>>> print(open('start-v5.pdb').read())   # PDB, N, CA, C and O atoms
ATOM      1  N   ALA A  40       4.942  22.043 -11.876  1.00  0.00           N
ATOM      2  CA  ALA A  40       5.290  21.836 -10.455  1.00  0.00           C
ATOM      3  C   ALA A  40       5.780  23.130  -9.824  1.00  0.00           C
ATOM      4  O   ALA A  40       6.917  23.542 -10.047  1.00  0.00           O
ATOM      5  N   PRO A  41       4.918  23.794  -9.035  1.00  0.00           N
ATOM      6  CA  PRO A  41       5.269  25.036  -8.339  1.00  0.00           C
ATOM      7  C   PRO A  41       5.872  24.783  -6.953  1.00  0.00           C
ATOM      8  O   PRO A  41       6.336  25.707  -6.281  1.00  0.00           O
ATOM      9  N   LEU A  42       5.845  23.527  -6.533  1.00  0.00           N
ATOM     10  CA  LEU A  42       6.354  23.132  -5.224  1.00  0.00           C
ATOM     11  C   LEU A  42       7.668  22.374  -5.365  1.00  0.00           C
ATOM     12  O   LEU A  42       7.849  21.602  -6.310  1.00  0.00           O
ATOM     13  N   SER A  43       8.576  22.602  -4.424  1.00  0.00           N
ATOM     14  CA  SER A  43       9.896  21.976  -4.442  1.00  0.00           C
ATOM     15  C   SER A  43       9.851  20.568  -3.839  1.00  0.00           C
ATOM     16  O   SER A  43       9.125  20.319  -2.877  1.00  0.00           O
ATOM     17  N   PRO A  44      10.618  19.620  -4.412  1.00  0.00           N
ATOM     18  CA  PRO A  44      10.676  18.239  -3.919  1.00  0.00           C
ATOM     19  C   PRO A  44      11.360  18.144  -2.554  1.00  0.00           C
ATOM     20  O   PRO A  44      12.483  18.619  -2.374  1.00  0.00           O
ATOM     21  N   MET A  45      10.669  17.534  -1.598  1.00  0.00           N
ATOM     22  CA  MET A  45      11.173  17.423  -0.234  1.00  0.00           C
ATOM     23  C   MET A  45      12.064  16.198  -0.081  1.00  0.00           C
ATOM     24  O   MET A  45      11.662  15.079  -0.405  1.00  0.00           O
ATOM     25  N   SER A  46      13.276  16.412   0.406  1.00  0.00           N
ATOM     26  CA  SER A  46      14.215  15.321   0.616  1.00  0.00           C
ATOM     27  C   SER A  46      14.123  14.755   2.045  1.00  0.00           C
ATOM     28  O   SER A  46      13.946  13.546   2.206  1.00  0.00           O
ATOM     29  N   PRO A  47      14.222  15.592   3.103  1.00  0.00           N
ATOM     30  CA  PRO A  47      14.070  15.111   4.470  1.00  0.00           C
ATOM     31  C   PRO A  47      12.605  15.111   4.919  1.00  0.00           C
ATOM     32  O   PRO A  47      11.808  15.936   4.470  1.00  0.00           O
ATOM     33  N   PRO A  48      12.235  14.169   5.803  1.00  0.00           N
ATOM     34  CA  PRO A  48      10.859  14.030   6.306  1.00  0.00           C
ATOM     35  C   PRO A  48      10.474  15.126   7.304  1.00  0.00           C
ATOM     36  O   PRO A  48      11.233  16.059   7.546  1.00  0.00           O
ATOM     37  N   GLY A  49       9.287  14.999   7.880  1.00  0.00           N
ATOM     38  CA  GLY A  49       8.854  15.928   8.904  1.00  0.00           C
ATOM     39  C   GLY A  49       7.642  16.726   8.475  1.00  0.00           C
ATOM     40  O   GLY A  49       6.589  16.671   9.115  1.00  0.00           O
ATOM     41  N   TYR A  50       7.783  17.459   7.382  1.00  0.00           N
ATOM     42  CA  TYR A  50       6.691  18.269   6.862  1.00  0.00           C
ATOM     43  C   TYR A  50       5.815  17.404   5.972  1.00  0.00           C
ATOM     44  O   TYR A  50       6.309  16.799   5.023  1.00  0.00           O
ATOM     45  N   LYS A  51       4.527  17.333   6.313  1.00  0.00           N
ATOM     46  CA  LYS A  51       3.568  16.461   5.628  1.00  0.00           C
ATOM     47  C   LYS A  51       3.839  14.995   5.976  1.00  0.00           C
ATOM     48  O   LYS A  51       3.207  14.087   5.431  1.00  0.00           O
ATOM     49  N   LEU A  52       4.763  14.794   6.919  1.00  0.00           N
ATOM     50  CA  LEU A  52       5.207  13.471   7.350  1.00  0.00           C
ATOM     51  C   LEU A  52       5.967  12.750   6.240  1.00  0.00           C
ATOM     52  O   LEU A  52       7.199  12.774   6.221  1.00  0.00           O
ATOM     53  N   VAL A  53       5.240  12.119   5.322  1.00  0.00           N
ATOM     54  CA  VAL A  53       5.849  11.399   4.207  1.00  0.00           C
ATOM     55  C   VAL A  53       4.986  11.543   2.958  1.00  0.00           C
ATOM     56  O   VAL A  53       3.844  11.030   2.974  1.00  0.00           O
TER
ATOM     57  N   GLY B   1      10.422  42.144   9.260  1.00  0.00           N
ATOM     58  CA  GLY B   1      11.760  42.769   9.309  1.00  0.00           C
ATOM     59  C   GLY B   1      12.314  42.799  10.717  1.00  0.00           C
ATOM     60  O   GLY B   1      11.690  43.354  11.620  1.00  0.00           O
ATOM     61  N   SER B   2      13.462  42.172  10.898  1.00  0.00           N
ATOM     62  CA  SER B   2      14.180  42.169  12.166  1.00  0.00           C
ATOM     63  C   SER B   2      15.511  41.471  11.939  1.00  0.00           C
ATOM     64  O   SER B   2      15.641  40.273  12.186  1.00  0.00           O
ATOM     65  N   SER B   3      16.479  42.223  11.412  1.00  0.00           N
ATOM     66  CA  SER B   3      17.742  41.653  10.951  1.00  0.00           C
ATOM     67  C   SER B   3      17.472  40.697   9.784  1.00  0.00           C
ATOM     68  O   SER B   3      16.392  40.740   9.185  1.00  0.00           O
ATOM     69  N   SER B   4      18.436  39.864   9.436  1.00  0.00           N
ATOM     70  CA  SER B   4      18.257  38.935   8.333  1.00  0.00           C
ATOM     71  C   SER B   4      18.964  37.615   8.615  1.00  0.00           C
ATOM     72  O   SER B   4      19.977  37.579   9.311  1.00  0.00           O
ATOM     73  N   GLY B   5      18.405  36.538   8.081  1.00  0.00           N
ATOM     74  CA  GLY B   5      18.965  35.217   8.282  1.00  0.00           C
ATOM     75  C   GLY B   5      18.149  34.168   7.570  1.00  0.00           C
ATOM     76  O   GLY B   5      18.660  33.421   6.737  1.00  0.00           O
ATOM     77  N   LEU B   6      16.867  34.122   7.903  1.00  0.00           N
ATOM     78  CA  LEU B   6      15.934  33.241   7.222  1.00  0.00           C
ATOM     79  C   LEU B   6      15.047  34.036   6.272  1.00  0.00           C
ATOM     80  O   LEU B   6      14.626  35.148   6.594  1.00  0.00           O
ATOM     81  N   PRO B   7      14.772  33.489   5.080  1.00  0.00           N
ATOM     82  CA  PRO B   7      13.838  34.104   4.138  1.00  0.00           C
ATOM     83  C   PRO B   7      12.412  34.130   4.697  1.00  0.00           C
ATOM     84  O   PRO B   7      12.078  33.348   5.595  1.00  0.00           O
ATOM     85  N   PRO B   8      11.557  35.033   4.181  1.00  0.00           N
ATOM     86  CA  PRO B   8      10.177  35.182   4.661  1.00  0.00           C
ATOM     87  C   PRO B   8       9.379  33.879   4.581  1.00  0.00           C
ATOM     88  O   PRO B   8       9.003  33.429   3.497  1.00  0.00           O
ATOM     89  N   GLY B   9       9.153  33.266   5.740  1.00  0.00           N
ATOM     90  CA  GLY B   9       8.335  32.072   5.801  1.00  0.00           C
ATOM     91  C   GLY B   9       9.150  30.791   5.849  1.00  0.00           C
ATOM     92  O   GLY B   9       8.671  29.739   5.433  1.00  0.00           O
ATOM     93  N   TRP B  10      10.374  30.869   6.354  1.00  0.00           N
ATOM     94  CA  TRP B  10      11.227  29.688   6.485  1.00  0.00           C
ATOM     95  C   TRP B  10      11.357  29.256   7.937  1.00  0.00           C
ATOM     96  O   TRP B  10      11.647  30.066   8.818  1.00  0.00           O
ATOM     97  N   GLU B  11      11.125  27.977   8.184  1.00  0.00           N
ATOM     98  CA  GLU B  11      11.359  27.410   9.500  1.00  0.00           C
ATOM     99  C   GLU B  11      12.605  26.543   9.489  1.00  0.00           C
ATOM    100  O   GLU B  11      12.771  25.687   8.615  1.00  0.00           O
ATOM    101  N   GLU B  12      13.480  26.776  10.453  1.00  0.00           N
ATOM    102  CA  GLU B  12      14.681  25.980  10.622  1.00  0.00           C
ATOM    103  C   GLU B  12      14.475  24.981  11.762  1.00  0.00           C
ATOM    104  O   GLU B  12      14.319  25.375  12.918  1.00  0.00           O
ATOM    105  N   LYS B  13      14.445  23.695  11.434  1.00  0.00           N
ATOM    106  CA  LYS B  13      14.224  22.660  12.441  1.00  0.00           C
ATOM    107  C   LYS B  13      14.714  21.309  11.941  1.00  0.00           C
ATOM    108  O   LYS B  13      14.925  21.126  10.750  1.00  0.00           O
ATOM    109  N   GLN B  14      14.912  20.374  12.863  1.00  0.00           N
ATOM    110  CA  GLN B  14      15.440  19.055  12.519  1.00  0.00           C
ATOM    111  C   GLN B  14      14.335  18.091  12.097  1.00  0.00           C
ATOM    112  O   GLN B  14      13.190  18.201  12.549  1.00  0.00           O
ATOM    113  N   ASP B  15      14.690  17.159  11.218  1.00  0.00           N
ATOM    114  CA  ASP B  15      13.750  16.163  10.705  1.00  0.00           C
ATOM    115  C   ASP B  15      13.770  14.907  11.574  1.00  0.00           C
ATOM    116  O   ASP B  15      14.300  14.911  12.683  1.00  0.00           O
ATOM    117  N   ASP B  16      13.192  13.832  11.053  1.00  0.00           N
ATOM    118  CA  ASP B  16      13.196  12.540  11.732  1.00  0.00           C
ATOM    119  C   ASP B  16      14.624  12.027  11.900  1.00  0.00           C
ATOM    120  O   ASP B  16      14.972  11.444  12.932  1.00  0.00           O
ATOM    121  N   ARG B  17      15.458  12.267  10.896  1.00  0.00           N
ATOM    122  CA  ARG B  17      16.843  11.816  10.929  1.00  0.00           C
ATOM    123  C   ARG B  17      17.681  12.705  11.841  1.00  0.00           C
ATOM    124  O   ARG B  17      18.822  12.370  12.180  1.00  0.00           O
ATOM    125  N   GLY B  18      17.124  13.850  12.211  1.00  0.00           N
ATOM    126  CA  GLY B  18      17.752  14.706  13.199  1.00  0.00           C
ATOM    127  C   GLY B  18      18.625  15.782  12.594  1.00  0.00           C
ATOM    128  O   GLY B  18      19.424  16.398  13.301  1.00  0.00           O
ATOM    129  N   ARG B  19      18.480  16.029  11.300  1.00  0.00           N
ATOM    130  CA  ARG B  19      19.292  17.040  10.644  1.00  0.00           C
ATOM    131  C   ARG B  19      18.497  18.330  10.492  1.00  0.00           C
ATOM    132  O   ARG B  19      17.287  18.303  10.274  1.00  0.00           O
ATOM    133  N   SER B  20      19.177  19.456  10.632  1.00  0.00           N
ATOM    134  CA  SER B  20      18.528  20.748  10.513  1.00  0.00           C
ATOM    135  C   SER B  20      18.140  21.016   9.061  1.00  0.00           C
ATOM    136  O   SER B  20      19.006  21.201   8.205  1.00  0.00           O
ATOM    137  N   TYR B  21      16.847  20.999   8.785  1.00  0.00           N
ATOM    138  CA  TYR B  21      16.352  21.313   7.462  1.00  0.00           C
ATOM    139  C   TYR B  21      15.577  22.624   7.496  1.00  0.00           C
ATOM    140  O   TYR B  21      15.379  23.215   8.563  1.00  0.00           O
ATOM    141  N   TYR B  22      15.146  23.068   6.328  1.00  0.00           N
ATOM    142  CA  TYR B  22      14.376  24.288   6.206  1.00  0.00           C
ATOM    143  C   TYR B  22      13.089  24.019   5.448  1.00  0.00           C
ATOM    144  O   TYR B  22      13.073  23.246   4.491  1.00  0.00           O
ATOM    145  N   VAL B  23      12.009  24.640   5.876  1.00  0.00           N
ATOM    146  CA  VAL B  23      10.744  24.510   5.173  1.00  0.00           C
ATOM    147  C   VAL B  23      10.210  25.880   4.761  1.00  0.00           C
ATOM    148  O   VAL B  23      10.099  26.795   5.582  1.00  0.00           O
ATOM    149  N   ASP B  24       9.912  26.004   3.474  1.00  0.00           N
ATOM    150  CA  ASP B  24       9.376  27.233   2.909  1.00  0.00           C
ATOM    151  C   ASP B  24       7.855  27.223   2.984  1.00  0.00           C
ATOM    152  O   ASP B  24       7.211  26.301   2.486  1.00  0.00           O
ATOM    153  N   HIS B  25       7.287  28.223   3.644  1.00  0.00           N
ATOM    154  CA  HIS B  25       5.837  28.332   3.776  1.00  0.00           C
ATOM    155  C   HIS B  25       5.187  29.013   2.573  1.00  0.00           C
ATOM    156  O   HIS B  25       3.961  29.130   2.516  1.00  0.00           O
ATOM    157  N   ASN B  26       5.991  29.470   1.621  1.00  0.00           N
ATOM    158  CA  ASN B  26       5.450  30.172   0.459  1.00  0.00           C
ATOM    159  C   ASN B  26       4.755  29.194  -0.480  1.00  0.00           C
ATOM    160  O   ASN B  26       3.587  29.379  -0.824  1.00  0.00           O
ATOM    161  N   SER B  27       5.459  28.143  -0.881  1.00  0.00           N
ATOM    162  CA  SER B  27       4.837  27.081  -1.651  1.00  0.00           C
ATOM    163  C   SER B  27       4.361  25.987  -0.699  1.00  0.00           C
ATOM    164  O   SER B  27       3.470  25.198  -1.028  1.00  0.00           O
ATOM    165  N   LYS B  28       4.938  26.015   0.506  1.00  0.00           N
ATOM    166  CA  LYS B  28       4.667  25.043   1.566  1.00  0.00           C
ATOM    167  C   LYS B  28       5.359  23.736   1.236  1.00  0.00           C
ATOM    168  O   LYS B  28       4.732  22.779   0.785  1.00  0.00           O
ATOM    169  N   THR B  29       6.661  23.721   1.468  1.00  0.00           N
ATOM    170  CA  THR B  29       7.521  22.650   1.016  1.00  0.00           C
ATOM    171  C   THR B  29       8.821  22.630   1.809  1.00  0.00           C
ATOM    172  O   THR B  29       9.420  23.675   2.057  1.00  0.00           O
ATOM    173  N   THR B  30       9.246  21.448   2.210  1.00  0.00           N
ATOM    174  CA  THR B  30      10.516  21.289   2.893  1.00  0.00           C
ATOM    175  C   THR B  30      11.644  21.153   1.877  1.00  0.00           C
ATOM    176  O   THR B  30      11.604  20.292   1.001  1.00  0.00           O
ATOM    177  N   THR B  31      12.633  22.018   1.990  1.00  0.00           N
ATOM    178  CA  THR B  31      13.746  22.021   1.068  1.00  0.00           C
ATOM    179  C   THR B  31      15.054  22.179   1.839  1.00  0.00           C
ATOM    180  O   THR B  31      15.302  23.203   2.480  1.00  0.00           O
ATOM    181  N   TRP B  32      15.868  21.133   1.832  1.00  0.00           N
ATOM    182  CA  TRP B  32      17.137  21.176   2.532  1.00  0.00           C
ATOM    183  C   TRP B  32      18.156  21.927   1.684  1.00  0.00           C
ATOM    184  O   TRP B  32      18.795  21.366   0.789  1.00  0.00           O
ATOM    185  N   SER B  33      18.265  23.214   1.963  1.00  0.00           N
ATOM    186  CA  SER B  33      19.197  24.090   1.289  1.00  0.00           C
ATOM    187  C   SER B  33      19.879  24.991   2.307  1.00  0.00           C
ATOM    188  O   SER B  33      19.316  25.281   3.365  1.00  0.00           O
ATOM    189  N   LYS B  34      21.092  25.418   2.005  1.00  0.00           N
ATOM    190  CA  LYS B  34      21.760  26.404   2.833  1.00  0.00           C
ATOM    191  C   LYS B  34      21.591  27.789   2.221  1.00  0.00           C
ATOM    192  O   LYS B  34      22.063  28.042   1.112  1.00  0.00           O
ATOM    193  N   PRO B  35      20.876  28.684   2.931  1.00  0.00           N
ATOM    194  CA  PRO B  35      20.600  30.048   2.462  1.00  0.00           C
ATOM    195  C   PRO B  35      21.862  30.801   2.047  1.00  0.00           C
ATOM    196  O   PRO B  35      22.862  30.819   2.775  1.00  0.00           O
ATOM    197  N   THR B  36      21.810  31.421   0.879  1.00  0.00           N
ATOM    198  CA  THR B  36      22.941  32.160   0.349  1.00  0.00           C
ATOM    199  C   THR B  36      23.007  33.563   0.940  1.00  0.00           C
ATOM    200  O   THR B  36      22.010  34.089   1.436  1.00  0.00           O
ATOM    201  N   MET B  37      24.188  34.159   0.892  1.00  0.00           N
ATOM    202  CA  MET B  37      24.383  35.504   1.405  1.00  0.00           C
ATOM    203  C   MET B  37      24.672  36.468   0.267  1.00  0.00           C
ATOM    204  O   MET B  37      25.603  36.262  -0.509  1.00  0.00           O
ATOM    205  N   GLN B  38      23.861  37.508   0.155  1.00  0.00           N
ATOM    206  CA  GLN B  38      24.075  38.530  -0.855  1.00  0.00           C
ATOM    207  C   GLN B  38      24.425  39.845  -0.191  1.00  0.00           C
ATOM    208  O   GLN B  38      23.572  40.481   0.431  1.00  0.00           O
ATOM    209  N   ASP B  39      25.672  40.244  -0.318  1.00  0.00           N
ATOM    210  CA  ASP B  39      26.163  41.439   0.335  1.00  0.00           C
ATOM    211  C   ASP B  39      27.145  42.159  -0.571  1.00  0.00           C
ATOM    212  O   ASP B  39      26.913  43.349  -0.878  1.00  0.00           O
TER
END
>>> encode(input="start-v5.pdb", output="structure tokens")
Amino acid sequence: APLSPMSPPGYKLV
Amino acid sequence: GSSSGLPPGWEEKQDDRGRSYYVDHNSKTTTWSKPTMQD
């Protein structure tokens, strides 16, 4: 996993 | 380069919940973190 886990929405929506 | 505050490729903006988050364009990922200061 080279990408960080997103906690708040907005980017990529969901 | 123009002073310092946000890392290269970071957008500071609010989410659906209305909180100021940050998104890194390097991996392309939203990560709610407070940028550290190295001085």
>>> resolve_selection(input="start-v5.pdb", expression="the PyMOL selection byres (((chain A and resi 45-50 and name CA) around 10) and name CA)", output="ChimeraX atom specification")
/A:42-44,51-53 /B:13-23,28-32
>>> atom_distance(input="start-v5.pdb", atom1="atom CA of residue 41 of chain A", atom2="atom CA of residue 34 of chain B")
20.0 Å
>>> residues_around(input="start-v5.pdb", residues="residue 5 of chain B", least_positions_apart="5", cutoff="8 Å", atoms="only N, CA, C and O atoms", output="PyMOL selection string")
chain B and resi 10+34-36
>>> select_by_dssp(input="start-v5.pdb", residues="chain B", states="strand (DSSP E or B)", output="ChimeraX atom specification")
/B:10-14,20-24,29-30
>>> axis_aligned_box(input="start-v5.pdb", around="chain A", padding_each_side="6 Å", output="lines of an AutoDock Vina configuration file")
center_x = 8.7
center_y = 18.4
center_z = -1.4
size_x = 23.0
size_y = 26.7
size_z = 33.0
>>> atom_distance(input="start-v5.pdb", atom1="atom N of residue 40 of chain A", atom2="atom O of residue 38 of chain B")
29.0 Å
>>> resolve_selection(input="start-v5.pdb", expression="the PyMOL selection byres (((chain B and resi 7 and name CA) around 10) and name CA)", output="ChimeraX atom specification")
/B:4-6,8-11,24-26,35
>>> atom_distance(input="start-v5.pdb", atom1="atom C of residue 39 of chain B", atom2="atom CA of residue 27 of chain B")
26.9 Å
>>> decode(input="start-v5.pdb", residues="segment 1-34 of chain B", atoms="N, CA and C atoms", output="PDB file, in the first residue's frame")
ATOM      1  N   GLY B   1       8.620  26.987  -4.981  1.00  0.00           N
ATOM      2  CA  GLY B   1       9.244  27.751  -3.881  1.00  0.00           C
ATOM      3  C   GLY B   1       8.634  29.129  -3.738  1.00  0.00           C
ATOM      4  N   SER B   2       8.087  29.399  -2.566  1.00  0.00           N
ATOM      5  CA  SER B   2       7.529  30.701  -2.226  1.00  0.00           C
ATOM      6  C   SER B   2       7.131  30.661  -0.759  1.00  0.00           C
ATOM      7  N   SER B   3       8.115  30.872   0.116  1.00  0.00           N
ATOM      8  CA  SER B   3       7.937  30.669   1.551  1.00  0.00           C
ATOM      9  C   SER B   3       7.644  29.189   1.821  1.00  0.00           C
ATOM     10  N   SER B   4       7.159  28.865   3.006  1.00  0.00           N
ATOM     11  CA  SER B   4       6.865  27.481   3.340  1.00  0.00           C
ATOM     12  C   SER B   4       5.632  27.386   4.228  1.00  0.00           C
ATOM     13  N   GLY B   5       4.906  26.286   4.089  1.00  0.00           N
ATOM     14  CA  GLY B   5       3.699  26.073   4.861  1.00  0.00           C
ATOM     15  C   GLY B   5       3.064  24.749   4.522  1.00  0.00           C
ATOM     16  N   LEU B   6       2.765  24.573   3.242  1.00  0.00           N
ATOM     17  CA  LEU B   6       2.252  23.307   2.747  1.00  0.00           C
ATOM     18  C   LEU B   6       3.336  22.556   1.984  1.00  0.00           C
ATOM     19  N   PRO B   7       3.413  21.230   2.164  1.00  0.00           N
ATOM     20  CA  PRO B   7       4.332  20.392   1.395  1.00  0.00           C
ATOM     21  C   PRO B   7       3.975  20.387  -0.095  1.00  0.00           C
ATOM     22  N   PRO B   8       4.946  20.056  -0.966  1.00  0.00           N
ATOM     23  CA  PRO B   8       4.740  20.054  -2.420  1.00  0.00           C
ATOM     24  C   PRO B   8       3.580  19.154  -2.852  1.00  0.00           C
ATOM     25  N   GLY B   9       2.469  19.782  -3.229  1.00  0.00           N
ATOM     26  CA  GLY B   9       1.334  19.041  -3.740  1.00  0.00           C
ATOM     27  C   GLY B   9       0.256  18.803  -2.697  1.00  0.00           C
ATOM     28  N   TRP B  10       0.175  19.674  -1.700  1.00  0.00           N
ATOM     29  CA  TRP B  10      -0.854  19.563  -0.666  1.00  0.00           C
ATOM     30  C   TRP B  10      -1.921  20.634  -0.827  1.00  0.00           C
ATOM     31  N   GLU B  11      -3.174  20.209  -0.818  1.00  0.00           N
ATOM     32  CA  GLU B  11      -4.286  21.144  -0.816  1.00  0.00           C
ATOM     33  C   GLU B  11      -4.942  21.183   0.552  1.00  0.00           C
ATOM     34  N   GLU B  12      -5.135  22.386   1.066  1.00  0.00           N
ATOM     35  CA  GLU B  12      -5.820  22.591   2.330  1.00  0.00           C
ATOM     36  C   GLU B  12      -7.257  23.042   2.064  1.00  0.00           C
ATOM     37  N   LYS B  13      -8.224  22.202   2.415  1.00  0.00           N
ATOM     38  CA  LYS B  13      -9.629  22.522   2.178  1.00  0.00           C
ATOM     39  C   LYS B  13     -10.530  21.687   3.076  1.00  0.00           C
ATOM     40  N   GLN B  14     -11.775  22.121   3.232  1.00  0.00           N
ATOM     41  CA  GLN B  14     -12.721  21.444   4.117  1.00  0.00           C
ATOM     42  C   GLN B  14     -13.443  20.300   3.411  1.00  0.00           C
ATOM     43  N   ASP B  15     -13.806  19.283   4.187  1.00  0.00           N
ATOM     44  CA  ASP B  15     -14.500  18.106   3.666  1.00  0.00           C
ATOM     45  C   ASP B  15     -16.014  18.297   3.742  1.00  0.00           C
ATOM     46  N   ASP B  16     -16.745  17.202   3.582  1.00  0.00           N
ATOM     47  CA  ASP B  16     -18.200  17.212   3.701  1.00  0.00           C
ATOM     48  C   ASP B  16     -18.619  17.615   5.112  1.00  0.00           C
ATOM     49  N   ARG B  17     -17.862  17.163   6.104  1.00  0.00           N
ATOM     50  CA  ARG B  17     -18.165  17.463   7.496  1.00  0.00           C
ATOM     51  C   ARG B  17     -17.764  18.894   7.841  1.00  0.00           C
ATOM     52  N   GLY B  18     -16.986  19.509   6.960  1.00  0.00           N
ATOM     53  CA  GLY B  18     -16.667  20.917   7.096  1.00  0.00           C
ATOM     54  C   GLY B  18     -15.369  21.172   7.828  1.00  0.00           C
ATOM     55  N   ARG B  19     -14.541  20.147   7.976  1.00  0.00           N
ATOM     56  CA  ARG B  19     -13.280  20.311   8.680  1.00  0.00           C
ATOM     57  C   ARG B  19     -12.143  20.471   7.682  1.00  0.00           C
ATOM     58  N   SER B  20     -11.175  21.304   8.026  1.00  0.00           N
ATOM     59  CA  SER B  20     -10.039  21.543   7.155  1.00  0.00           C
ATOM     60  C   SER B  20      -9.135  20.314   7.112  1.00  0.00           C
ATOM     61  N   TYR B  21      -9.117  19.638   5.975  1.00  0.00           N
ATOM     62  CA  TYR B  21      -8.243  18.499   5.788  1.00  0.00           C
ATOM     63  C   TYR B  21      -7.174  18.832   4.754  1.00  0.00           C
ATOM     64  N   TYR B  22      -6.257  17.901   4.555  1.00  0.00           N
ATOM     65  CA  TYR B  22      -5.192  18.065   3.588  1.00  0.00           C
ATOM     66  C   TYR B  22      -5.160  16.878   2.641  1.00  0.00           C
ATOM     67  N   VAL B  23      -4.907  17.139   1.375  1.00  0.00           N
ATOM     68  CA  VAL B  23      -4.779  16.067   0.403  1.00  0.00           C
ATOM     69  C   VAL B  23      -3.426  16.133  -0.301  1.00  0.00           C
ATOM     70  N   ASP B  24      -2.719  15.009  -0.270  1.00  0.00           N
ATOM     71  CA  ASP B  24      -1.416  14.886  -0.905  1.00  0.00           C
ATOM     72  C   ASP B  24      -1.577  14.429  -2.348  1.00  0.00           C
ATOM     73  N   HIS B  25      -1.066  15.220  -3.282  1.00  0.00           N
ATOM     74  CA  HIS B  25      -1.146  14.886  -4.701  1.00  0.00           C
ATOM     75  C   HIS B  25      -0.021  13.955  -5.150  1.00  0.00           C
ATOM     76  N   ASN B  26       0.898  13.628  -4.249  1.00  0.00           N
ATOM     77  CA  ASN B  26       2.029  12.776  -4.611  1.00  0.00           C
ATOM     78  C   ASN B  26       1.575  11.335  -4.793  1.00  0.00           C
ATOM     79  N   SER B  27       0.905  10.784  -3.789  1.00  0.00           N
ATOM     80  CA  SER B  27       0.301   9.471  -3.929  1.00  0.00           C
ATOM     81  C   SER B  27      -1.149   9.633  -4.377  1.00  0.00           C
ATOM     82  N   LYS B  28      -1.661  10.848  -4.158  1.00  0.00           N
ATOM     83  CA  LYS B  28      -3.041  11.222  -4.470  1.00  0.00           C
ATOM     84  C   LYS B  28      -3.970  10.617  -3.437  1.00  0.00           C
ATOM     85  N   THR B  29      -3.995  11.245  -2.274  1.00  0.00           N
ATOM     86  CA  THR B  29      -4.646  10.696  -1.105  1.00  0.00           C
ATOM     87  C   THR B  29      -4.946  11.792  -0.090  1.00  0.00           C
ATOM     88  N   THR B  30      -6.138  11.760   0.472  1.00  0.00           N
ATOM     89  CA  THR B  30      -6.509  12.692   1.520  1.00  0.00           C
ATOM     90  C   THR B  30      -6.052  12.167   2.875  1.00  0.00           C
ATOM     91  N   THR B  31      -5.276  12.970   3.577  1.00  0.00           N
ATOM     92  CA  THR B  31      -4.743  12.578   4.861  1.00  0.00           C
ATOM     93  C   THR B  31      -4.877  13.733   5.849  1.00  0.00           C
ATOM     94  N   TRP B  32      -5.724  13.551   6.853  1.00  0.00           N
ATOM     95  CA  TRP B  32      -5.926  14.585   7.849  1.00  0.00           C
ATOM     96  C   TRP B  32      -4.784  14.545   8.856  1.00  0.00           C
ATOM     97  N   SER B  33      -3.787  15.372   8.593  1.00  0.00           N
ATOM     98  CA  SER B  33      -2.626  15.502   9.445  1.00  0.00           C
ATOM     99  C   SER B  33      -2.278  16.972   9.613  1.00  0.00           C
ATOM    100  N   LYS B  34      -1.667  17.316  10.732  1.00  0.00           N
ATOM    101  CA  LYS B  34      -1.154  18.660  10.917  1.00  0.00           C
ATOM    102  C   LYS B  34       0.337  18.689  10.604  1.00  0.00           C
TER     103      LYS B  34
END
